[PDB]
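As a plain string of letters, each chain reads:
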Amino acid sequence: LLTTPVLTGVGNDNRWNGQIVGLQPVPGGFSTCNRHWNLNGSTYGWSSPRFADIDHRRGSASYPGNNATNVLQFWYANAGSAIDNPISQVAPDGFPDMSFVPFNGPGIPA
Amino acid sequence: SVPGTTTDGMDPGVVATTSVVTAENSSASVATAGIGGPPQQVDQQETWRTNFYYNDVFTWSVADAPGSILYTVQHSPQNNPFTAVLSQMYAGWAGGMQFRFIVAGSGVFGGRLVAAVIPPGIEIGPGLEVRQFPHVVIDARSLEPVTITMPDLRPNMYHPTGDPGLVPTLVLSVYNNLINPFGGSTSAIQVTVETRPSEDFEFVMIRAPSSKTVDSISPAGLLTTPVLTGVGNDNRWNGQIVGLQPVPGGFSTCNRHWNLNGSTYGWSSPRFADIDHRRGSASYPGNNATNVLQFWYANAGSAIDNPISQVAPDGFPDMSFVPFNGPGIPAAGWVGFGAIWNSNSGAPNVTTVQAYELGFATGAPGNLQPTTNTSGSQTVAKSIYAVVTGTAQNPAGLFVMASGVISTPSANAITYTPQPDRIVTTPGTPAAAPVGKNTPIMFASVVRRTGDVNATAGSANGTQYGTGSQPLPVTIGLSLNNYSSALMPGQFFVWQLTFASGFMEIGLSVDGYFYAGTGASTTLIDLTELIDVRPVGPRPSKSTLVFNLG
Amino acid sequence: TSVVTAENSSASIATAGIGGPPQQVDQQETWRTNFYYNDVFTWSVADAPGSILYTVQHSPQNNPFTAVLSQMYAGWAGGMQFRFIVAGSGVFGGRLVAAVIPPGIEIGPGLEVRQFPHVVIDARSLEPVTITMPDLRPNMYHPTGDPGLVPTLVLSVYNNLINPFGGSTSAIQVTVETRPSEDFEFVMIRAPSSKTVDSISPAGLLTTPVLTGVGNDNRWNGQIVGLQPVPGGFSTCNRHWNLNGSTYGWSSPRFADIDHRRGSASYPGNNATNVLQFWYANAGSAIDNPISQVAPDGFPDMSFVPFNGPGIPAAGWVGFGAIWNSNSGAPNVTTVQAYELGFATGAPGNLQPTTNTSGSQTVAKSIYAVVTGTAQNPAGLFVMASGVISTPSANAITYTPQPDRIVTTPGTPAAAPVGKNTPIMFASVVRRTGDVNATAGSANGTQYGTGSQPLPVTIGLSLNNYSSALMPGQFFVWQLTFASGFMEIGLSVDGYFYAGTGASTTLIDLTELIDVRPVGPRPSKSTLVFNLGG
């Protein structure tokens, strides 16, 4: 499963679909759930092992303010409701496992 | 000597050994199996172990592609009738067995078969190529029988009856296609299998007769002859089953369904008692509370008192709500006699006892829409007749009888209820898929209707058939016993119903669904002349079940 | 270990050669060398000397392993060895005799077992006593299917049992064990799927979950949670099937619907607003029911309660239903209510409860107000078979129905106490109208609805015939195991259930019940045990 071209020039990573260049040590520890498989043929996440479109329906859409030119767009939906995956219904297939950094106004988030 | 066309009961015929019958296998099998004590039932003069006795039969068609399996058995004492009788009073076995094949063909046909013995660790599946194992090829024009011996290759010292472990498997498949040079109507032949224990077979530990085991008994005892032609009801209504009808495409009904493993598909423990709730809003349209239609709804997740799942109350019908407005009664659907009752140690209201239509709505109390998914929905009920008093309190509940009827305006032909496009689906289910020519089957019965009280099976307009998934005696027989090892996934347990002019075979997979070889027909098969039921065994899903009806 | 052979063994081997060579004859087999359990019986302090306590015929069914092996052989011959183990105590006294009776002699009260060749068994013996029964037959072998003449082993009382200590304990259990003799054999192997005619037994109808899981009664589809005894007797015949393939009454066992077509309808009051609808028809007009003409299927078998005004009557049978006209009828929109069903007489004048079916008349009076009231002569009822019980206030009234309130037909047998045994009556948790949330917790006791037998049993017994499975004068007996006690239950030939509780009216809860186990047919003079945790 781990050969020489996998870590040299062919393999990608399971979060960003990008070329693996290095190794990053984490001395504290972490837990990754989405698109992650154990040695039992099982997953706890909500994504298949492939990179495709994220599609969901039945979610409330709104926009702040009153003027409708150059206005930020908002959309949300609850967890546990997305009936599109045979795996689990926590989130639709392909949703990133990152916490939402809050922002508003003319500032690009970090 | 006998001239080849008559055969004795102790005559094997020709002997075919592939590569696994060796002297060291038998010498290691005899010497190591002495850990159970002295061997029992070992006497090479008894009648039960000198003759061949009947085990099985199967058919070989012209349209069978090369590489398709016609016969498979695991190594077991269930492959001979007398060792199956003797295994109830012993707790261990070792040794091999012999299999005699007689082809009932003529010298004008063509085609070959192939047989092999598979080692214990290999998975028996789609990617198994048995022609790349040591094998033996049998012609279709053979007159004398052919005997194949399967030895005992095991990593343990003996086979406990409740836990044998790893066993070999005998596979028989098509080598070359069957050819009839005249063509026409004759396109199949039959092969009969006999069995006989080998010389190194024995039992060890005496135990008690009909002792319980850590494994599981075969699922043949639950489906007997009074279940079909007598007592036995549906999963949604308590009515006797009358007929058998196929569906094209498949369905998914997941209310009171139990798998082969002991597990339920959500709520609704299997007993037709009642429906009760303690939280839920009540309202009524219009400015006047006189001759109105009551409106109760609550979200999915408010069923605290249900001990299985929180999504729905116990005994609720799994029907999508058909939206209706006005005095015109809805078509089909589920309607039951009920009333309302208030919370905080409250008596039921006297003035409102009426039949309500039950279902799941979307977007209540505004525009109500039918729904297919149970997650993120809200259960609902509204009356079909006019009541004289309405309640508008936030804490309220229901009291509905579990037995129900169908509501129809016209009631001449309608449609069998429910349809596969109407049955709701809980998260986490496997759906029915028609494999081979076999189709999913749903049991039919007779349920009364609101449009006509006298719904008798006879004249005065044709009768209406309600469809339920599995019988209630069958669901009781699976709610306790676990069958993880009784039937391997990938095949089904097949019975053999016998009518007065024909016979059909019905199956039961690991998913709890029933299969029949109906093909592309939607004809109701009335079960009135059915006499007896005899079980058969585990058969692969690619094989076709017979449909001899007169 | 020594194996005992019979006195007639050399003539027994030779004359059985008409069936071929002997089968399953290997003297080192483990199923043949050890003793295994067969049966159990009771020796009482009230048994007169010369009374018979145990009787068994020569058969290959008095052993757990020869009964399995007889499924694949059409014939048997040879002897069989018996062993007796007394539970006993060192403070008891009395002896017993056991002898083998040849064919042609009666087994009865005039049999003098003490002048046959016998063995003596002590009431305080620790080591077991052994006796061998030979195969004394007038045939060459015994074919399975029609054996012939066999000897019989008879156990009798020599000296009566004595307890000088006093009260409490007055009965001893004796266990029988069996291994075959050296000369026993089988002949002529056969198909195991062949004649499946094996002593049909009413043991598989009452299993474990039936009482600690699924399982309902004949009045309601409610879970059976407790048994309640009643001293004196009762009579019920609605869904009550006896051990033959017959019953006395209507209502085949399914809680589907209650449907009738013809019957008069009326209502009191000169105003057609907020009244109680009253439907009534006489007994004998149920043409659509193929079983009995007395009542439609699903009608309750309790009497009417005479009430008037806006007060909800105590107890009874209330069910959610409606009225419907005839002539390919659709039901009326504006009348769906809870209706109280029962048997009465003298309607629509003085409504009185009645005991007997004959001379009575079925009635249906609504308990809640309905806005419209019809008066058409052809009318019927479409009521769900599952219902509740009406109550004025929540409280806890009593178990319903009472044994005097049950309506029975002419020609019905009655349950009667025999000895200390008392007929019991299965109970269940049900809902009511005085309090919808009938949780089995706090806020007073819950309502109990009581029926005759477990509906499951009726379902499994209505197919088969049990005429020779239980000899008359006995019960088929089970042994219920609790966590800190055990009990014993009976089933008569007439369809009733008994327990040896005596004259007590305390409910027994099936909460810590673990499993059940069949015992067999036992005489009714023996008291069933009541060693409960209290």
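Residues numbered from 1 in each chain as written, not as in the entry; some residues may be left out. Chains lettered and ligands numbered in written order. Part of a larger assembly, values for the part shown. Heavy atoms only, no water.

- Listed as the method for this PDB entry is cryo-EM; the listed resolution is 2.5 Å.

**Some remarks on the overall build of chain C**
Line of reasoning, step 1. Of the regular secondary structure elements, chain C holds 5 helices and 26 strands.
Line of reasoning, step 2. Along the longest, intermediate and shortest principal axes, the C-alpha atoms of chain C span 100 × 55 × 40 Å.
Line of reasoning, step 3. Considering chain C as a whole, with its 534 residues, one finds that 52% of them fall into the buried category.
Line of reasoning, step 4. In chain C, the share of contacts with a sequence separation of at least 24, taken over all contacts with a separation of at least 6, comes to 79%.
Line of reasoning, step 5. Within the structure as shown, chain C displays about 22,400 Å² of accessible surface, and the carbon and sulfur contribution to it stands at 53%.
Line of reasoning, step 6. Counting 22 positive and 30 negative side-chain charges, chain C places the centres of these two groups 6 Å from one another. (Helix = DSSP H or I, 4+ residues; strand = E, 2+ residues; numbered from the N terminus. Buried < 20%, exposed > 50% of the residue type's maximum accessible area, 1.4 Å probe, protein only. Contact = heavy atoms within 4.5 Å. Areas by Shrake-Rupley, 256 points an atom, 1.4 Å probe, with all protein chains shown as cover. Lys, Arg positive; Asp, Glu negative; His and termini not counted. Charge placed at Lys NZ, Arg CZ, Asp CG, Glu CD.)

**Thoughts on helix α3 (residues 472–479) of chain B**
Line of reasoning, step 1. Those residues of α3(B) not exposed but buried are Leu472(B), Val474(B), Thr475(B) and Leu478(B). One side of α3(B) holds all its buried residues, which, seen down the axis, span an arc of 150°. (Arc of directions from axis to C-beta.)

**Side note on the pattern of salt bridges**
Line of reasoning, step 1. Per the stated rule, a full pass over the model turns up 17 salt bridges over all chains.
Line of reasoning, step 2. The partner of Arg15(A) in a salt bridge is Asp97(A), with the nearest N and O atoms 3.0 Å apart. Here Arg15(A) is found in the loop between α1 (4–10) and β1 (60–62), whereas its partner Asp97(A) is found in the segment after β2 (74–76), with 82 residues between them in sequence.
Line of reasoning, step 3. Residue classification places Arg15(A) among the partly exposed residues on the basis of a relative accessible area of 37%.
Line of reasoning, step 4. Across the salt bridge formed by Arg137(C) and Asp135(C), the nearest N and O atoms sit 2.9 Å from each other. (Salt bridge = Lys/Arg side-chain N within 4 Å of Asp/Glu carboxyl O.)

**Let's talk about empty space enclosed by the protein**
Residues and elements named next belong to chain C.
Line of reasoning, step 1. In this structure, the largest cavity occupies an estimated 100 Å³ of space.
Line of reasoning, step 2. Around the largest cavity, the lining residues are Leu-206, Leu-211, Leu-227, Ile-424, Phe-426, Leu-480, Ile-489, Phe-497, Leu-510 and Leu-513.
Line of reasoning, step 3. Looking at side-chain class alone, the lining of the largest cavity contains 10 nonpolar, no polar and no charged residues. (1 Å grid on protein atoms, 1.4 Å probe; cavity = no way out; pocket = protein on both sides within 12 Å on 5 of 7 lines; lining within 4 Å. Points joined across faces, edges and corners; volume = space filled by probe spheres on them. Nonpolar A, V, L, I, M, F, W, Y, C, P; charged D, E, K, R; others polar.)

**Quick word on the packing of aromatic side chains**
Line of reasoning, step 1. Summed over all chains, the structure comprises 27 aromatic pairs over all chains.
Line of reasoning, step 2. Each ring, one from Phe41(C) and one from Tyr54(C), has its centre 5.2 Å from the other, and the planes form 15°; the classification is stacked. Of this pair, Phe41(C) sits in strand β1 (residues 36–44) while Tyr54(C) is found in strand β2 (residues 52–57), placing the two residues 13 residues apart along the sequence.
Line of reasoning, step 3. The class of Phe41(C) is buried, set by a relative accessible area of 6%.
Line of reasoning, step 4. Here the aromatic cluster, defined as three or more aromatic residues joined through ring pairs, consists of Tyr90(B), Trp93(B), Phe201(B) and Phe203(B).
Line of reasoning, step 5. A cation sits over an aromatic face here: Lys382(B) above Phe295(B), 5.9 Å from the ring centre.
Line of reasoning, step 6. A cation over a ring is seen here: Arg239(C) above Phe255(C), with NZ or CZ 4.1 Å from the ring centre. (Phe/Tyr/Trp six-rings, centres within 6.5 Å; stacked < 30°, edge-to-face > 60°. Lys NZ or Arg CZ within 6 Å of the ring centre and 35° of its normal.)

**Things to note about the interface of chain B and chain C**
A common measure of how large an interface is: the accessible area buried when the components associate.
Line of reasoning, step 1. Across the contact, 63 residues belong to chain B and 65 residues belong to chain C.
Line of reasoning, step 2. Summed over both sides, the interface of chain B with chain C buries roughly 5,700 Å², with 62% coming from carbon and sulfur.
Line of reasoning, step 3. It is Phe337(B), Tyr385(B) and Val453(B) that lose the most area in chain B upon contact with chain C, and together they represent 13% of the buried surface on that side.
Line of reasoning, step 4. Linking chain B to chain C there are 3 salt bridges.
Line of reasoning, step 5. Across the pair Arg431(C) and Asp276(B) runs a salt bridge, and its minimum N-O distance is 1.4 Å.
Line of reasoning, step 6. For the interface between chain B and chain C, the tally reads 22 residue pairs in polar contact.
Line of reasoning, step 7. Elements with a contribution of two residues or more to the side of chain B that touches chain C: α2 (81–86), β13 (274–276), β16 (334–342), β17 (348–361) and β19 (396–401) of chain B.
Line of reasoning, step 8. In terms of residues, the side of chain B that touches chain C owes the most to one element, β17(B), which gives 8 residues.
Line of reasoning, step 9. Partitioning the side of chain B that touches chain C into residue classes produces 36 nonpolar, 18 polar and 9 charged. (Buried area = accessible area lost by both parts, 1.4 Å probe. Polar contact = N/O pair within 3.5 Å; in protein donor to acceptor, adjacent residues only side chain to side chain.)

**Quick look at the arrangement of the chains**
Line of reasoning, step 1. Interchain contacts are distributed over 2 pairs of chains, and the most extensive set of them lies between chains B and C.
Line of reasoning, step 2. In this assembly chain A lies apart from chain C, the nearest approach of their C-alpha atoms being 31 Å.

**Details of the sheet that holds strand β8 (residues 152–162) of chain C**
Residues and elements named next belong to chain C.
Line of reasoning, step 1. Here we have 4 strands laid out as an open sheet, ordered β2-β8-β5-β6, and antiparallel in their pairing. Unpaired on one side and paired on the other, β2 and β6 (118–122) mark the two borders of the sheet. Ignoring which end each strand starts from, the neighbouring axes of this sheet average 20° apart.
Line of reasoning, step 2. Pairing of strand β5 (residues 93–101) with β6 involves 5 bridges; the strand directions are antiparallel. (Pairing = 2+ DSSP bridges. Axes fitted to C-alpha atoms, helices over the stretch in contact; angles between N-to-C directions.)

**Considerations on the pairing of strand β18 (residues 361–366) of chain C**
Residue and element names in this part refer to chain C.
Line of reasoning, step 1. Along β18, 6 of the 6 residues are buried, which leaves the element largely enclosed by surrounding structure.
Line of reasoning, step 2. Here β18 shows a buried face lined by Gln-361, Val-363 and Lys-365 and a second buried face lined by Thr-362, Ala-364 and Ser-366.
Line of reasoning, step 3. When strand β14 (residues 278–282) meets β18, the two strands line up antiparallel, connected through 5 bridges. Of the residues in β18, the one forming a bridge with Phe-278 is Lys-365.
Line of reasoning, step 4. The pairing of strand β16 (residues 331–345) with β18 spans 6 bridges and is classified as antiparallel. Paired with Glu-340 across the strands is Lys-365, a residue of β18.

**Brief notes about the environment of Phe426(C)**
Line of reasoning, step 1. As for its position among the elements, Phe426(C) is in strand β20 (residues 422–429).
Line of reasoning, step 2. The sequence separation of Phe426(C) and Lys525(C) amounts to 99 residues, and the corresponding C-alpha distance is 23 Å.

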